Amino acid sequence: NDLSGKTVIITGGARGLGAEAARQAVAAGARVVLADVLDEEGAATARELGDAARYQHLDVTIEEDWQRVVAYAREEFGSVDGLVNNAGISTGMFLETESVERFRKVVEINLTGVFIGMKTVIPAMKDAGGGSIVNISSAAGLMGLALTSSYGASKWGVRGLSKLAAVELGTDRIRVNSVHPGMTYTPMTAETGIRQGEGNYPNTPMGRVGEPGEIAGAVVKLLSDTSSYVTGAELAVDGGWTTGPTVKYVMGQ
């Protein structure tokens, strides 16, 4: 079992993967503080989850926004036990063609938003007695994914920040691990023409693209005390994408 009688703040929780993550966690008996910069939906989402949700606005790149939400969650539910740095943005383009400003923007949200997320929540956690900080990274943060430039650098930096942090916080019973989903089906990626459904994606050994229910079960698992001895680790959720080239690619075509 991966149950939860605690409170957790999930970022980028209005739509996408954060929405699912939150859906399952509340299902898991936890109370959730969704946080996004897209109100309309965060409002609805929490409005769907029920009495165990509460949506807050949160511009992940701002420590003020950050401290505000932390307090509010300590204030409302009485504790901050888990975090889910899930907010960020994609970069699909040939590095030579990327602008130094967009670059500065993806890293900012992807990389710093995460750090500002962690050092803020650490005190509320030393308070609880411990915490679980699941940073949602990517398959791209595990191998050199071409065409992800700024997205690539950031996601690899989230991977290292979660490790050093894991080392420093250990004695505090504060775990820090990264999750790395691969090509997962959602409306952002939907605009990428990703053939959803079994066997519809041939460049992953599993032959198919993952769905969010899949990546979310991983987060929750770590959020729980099931994994009371897991810290500074990386869990890829990509149907083998990252393990090695599939057969066809190895055969030479």
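For every residue, the number given is its place in the sequence shown, counted from 1.
Coordinates are given for every residue of the deposited sequence from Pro205 through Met206, so that no gap is recorded there. If you average the C-alpha B-factors over 184-192 and over 22-30, the higher value belongs to 184-192. Annotation for 8-16 versus 235-243: the higher mean temperature factor (C-alpha) is found in 8-16. Considering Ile109, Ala128, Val100, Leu164 together, the PDB entry gives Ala128 the largest C-alpha B factor. Comparing the listed residues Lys221, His57, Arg68, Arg47, the entry records the largest Cα B-factor for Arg47. Ranked against the other modelled residues of its chain, the C-alpha B-factor of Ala43 as given in the entry falls in the highest third.
Split the chain's modelled residues into thirds by C-alpha temperature factor. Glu168 is in the lowest one.
The entry lists a Cα temperature factor for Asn200 that places it in the highest third of the chain's modelled residues. Sort the chain's modelled residues by C-alpha temperature factor and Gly141 lands in the middle third, per the entry. Among all modelled residues in this chain, the alpha-carbon of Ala52 has a temperature factor (C-alpha) in the highest third.
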